[PDB]
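Laboratory data are not the source of any read-out in this text; all were calculated from the coordinates shown. No Cβ is skipped: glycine too gets one built from the backbone with ideal geometry, and neighbour counts run over all protein chains shown.
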Amino acid sequence: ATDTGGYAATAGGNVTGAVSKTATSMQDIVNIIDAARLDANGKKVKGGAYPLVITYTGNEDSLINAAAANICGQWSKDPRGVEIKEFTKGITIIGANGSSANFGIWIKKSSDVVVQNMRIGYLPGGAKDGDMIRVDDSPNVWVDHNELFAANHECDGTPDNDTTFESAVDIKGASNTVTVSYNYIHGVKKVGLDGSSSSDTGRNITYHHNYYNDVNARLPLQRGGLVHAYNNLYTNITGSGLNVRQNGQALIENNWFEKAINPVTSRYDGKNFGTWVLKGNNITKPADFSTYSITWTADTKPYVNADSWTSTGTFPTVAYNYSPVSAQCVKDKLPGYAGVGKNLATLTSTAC
């Protein structure tokens with residue numbers, strides 16, 4: 001099936017003729033993809049020779065645990081990541097239960113890529129683009145059921161005072177359709193952008209069933225296009241949540257917000273504010289701010305906060321088929337479906 005519950009329509013490497021391989025380390029993954037580019041005669045095939053399903057059984061807890069004990073020593077180390085560049089035959093990277101990685105997955109100019117059940121945390125190289133997951137010029141990508149974490153903290157003396165750790169899921173370029181679902185993102189200062197600059201506007205992204213906890217900002221930092229965020233659990237947001245910019249449009253439905261500062265805003269540009277359609281969230285009116293500990297702040301430049309909690313624009317017909325659960329149900333159940341080791345389980349109404 002190609003249904004991801006969002007804009008991305010892909011099965012990744014789970015197609016006809018897929019070759020399954022087991023990777024026990026980051027290097028194995030690199031070698032497997034390289035080999036996957038060669039045809040029967042040893043010649044390279046543009047976009048890849050065959051579809052792949054790579055099961056990653058490696059474990060780097062030692063690296064992660066060492067890093068967690070010395071947070072400020074990570075930004076200056078070499079970044080570590082597997083680059084999936086120009087591979088379009090279809091590929092899925094599934095972590096085995098118990099597997100872990102102290103390296104990121106960088107997708108560049110590829111298509112039909114699915115990343116699931118990977119536990120990635122405390123990556124080194126925040127000063128040199130050490131992102132956990134990067135989707136660049138890559139349409140039909142599905143980032144599902146992963147645990148992305150670090151420390152929601154900024155060490156002193158880091159270059160730009162923003163490089164202690166890099167992003168969890170940055171999306172940029174022509175990654176026209178992307179679905180980010182069932183991820184447990186925690187302890188991340190900059191979760192992920194949707195457009196790397198003011199000119200990098202566009203794309204149709206869906207964020208559904210994600211559990212965010214102790215994050216500072218960018219859920220996402222949207223530049224143009226459309227974003228459909230539904231059934232996400234937003235708790236302990238220390239800076240700002242969805243920042244809808246450059247005239248982007250967002251449909252924010254049936255989510256649960258709690259202990260969040262500026263959960264829905266449009267700030268930092270001073271102009272071209274985006275719009276949002278609010279519906280079915282735990283917060284229905286301003287009276288609820290106090291109940292769920294939702295605070296608001298101003299910005300030095302013109303900005304717009306959803307402090308009136310009203311829709312400020314419209315949203316096109318949601319192309320795909322999805323069935324949202326209630327905000328209460330996500331609050332109650334989501335933590336047991338999002339993340340690694342949940343066997344890619346989905347939250348249905350029957351479980352509410």
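Scanning segment 328-344 for residues that are surrounded by 13 or more Cβ atoms within 10 Å (Cβ to Cβ), under 15 Å from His208 (Cα atoms) and either without any contact (Cβ under 8 Å) to a residue 40 or more places away in the chain or over 20 Å from the mean Cα position of the chain (by Cα) (or both) yields a total of 2.
Across segment 278-294, what is the number of residues that are in a strand (DSSP E or B) and closer than 9 Å to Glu258 by Cβ?
Residues meeting the conditions: 1.
Scan segment 29-56 residue by residue and report those that are closer than 16 Å to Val115 by Cβ and either acidic (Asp, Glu) or touching a helix residue (DSSP H, G or I) at 6+ places or on another chain (Cβ under 9 Å) (or both). Correct list: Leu52, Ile54, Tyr56.
Tell me, which residue of segment 88-106 that is hydrophobic (A, V, I, L, M, F, W, C) and in a loop (DSSP other than H, G, I, E, B) is nearest to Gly341 (Cα to Cα)?
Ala96
Before we move on, is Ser167 among the small types (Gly, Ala, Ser), out of contact with any strand residue (DSSP E or B) (no Cβ under 6 Å at 6 or more places or on another chain) and at negative phi? So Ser167 does not fit the description; no. Checking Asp34, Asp39, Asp28, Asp3 one by one, the residue that is closer than 29 Å to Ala151 by Cα and of a type in the set (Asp, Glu) is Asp28 and no other. There is no residue in segment 314-326 that is touching a helix residue (DSSP H, G or I) at 6+ places or on another chain (Cβ under 8 Å), polar (S, T, N, Q) and in a strand (DSSP E or B). Which one is surrounded by the fewest Cβ atoms within 10 Å (Cβ to Cβ) among residues in segment 263-277 that are within 14 Å of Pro220 (Cβ to Cβ) and of a type outside the set (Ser, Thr, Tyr)? Among those that are within 14 Å of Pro220 (Cβ to Cβ) and of a type outside the set (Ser, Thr, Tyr), it is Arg267.
Scanning segment 168-186 for residues that are surrounded by fewer than 24 Cβ atoms within 10 Å (Cβ to Cβ), in contact with an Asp or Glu (Cβ under 7 Å, 6 or more places away or on another chain) and either in contact (Cβ under 8 Å) with a residue 40 or more places away in the chain or over 24 Å from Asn152 (Cα atoms) (or both) returns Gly173, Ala174, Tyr184. Looking at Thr284, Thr348, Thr297, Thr291, just one residue is farther than 21 Å from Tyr211 by Cα, free of Cβ contacts under 8 Å to residues at least 40 places away in the same chain and surrounded by fewer than 16 Cβ atoms within 10 Å (Cβ to Cβ), and that residue is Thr297.
Of all residues in segment 1-23, those that are more than 18 Å from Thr55 (Cα to Cα) have Cβ atoms under 9 Å from Cβ atoms of residues that are basic (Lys, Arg) and buried (at least 23 other Cβ atoms within 10 Å of the Cβ), 6 or more apart or on another chain, in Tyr7/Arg203.
Taken over segment 65-87, residues that are touching a residue at least 40 places away in the same chain (Cβ under 8 Å), part of a loop (DSSP other than H, G, I, E, B) and surrounded by fewer than 17 Cβ atoms within 10 Å (Cβ to Cβ) amount to 5.
Residue count for segment 210-257, restricted to those that are touching a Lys or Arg at 6+ places or on another chain (Cβ under 8 Å), outside any loop (DSSP other than H, G, I, E, B), in contact (Cβ under 8 Å) with a residue 60 or more places away in the chain and over 13 Å from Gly274 (Cα atoms): 5. Exactly one residue out of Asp200, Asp156, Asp170 is among the acidic types (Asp, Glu), assigned to a loop (DSSP other than H, G, I, E, B) and either within 13 Å of the chain's Cα centre (by Cα) or closer than 24 Å to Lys85 by Cβ (or both), and it is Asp200. Scan segment 10-64 for residues that are surrounded by fewer than 19 Cβ atoms within 10 Å (Cβ to Cβ), of a type in the set (A, V, I, L, M), part of a loop (DSSP other than H, G, I, E, B) and over 25 Å from the mean Cα position of the chain (by Cα) and the total you get is 4.
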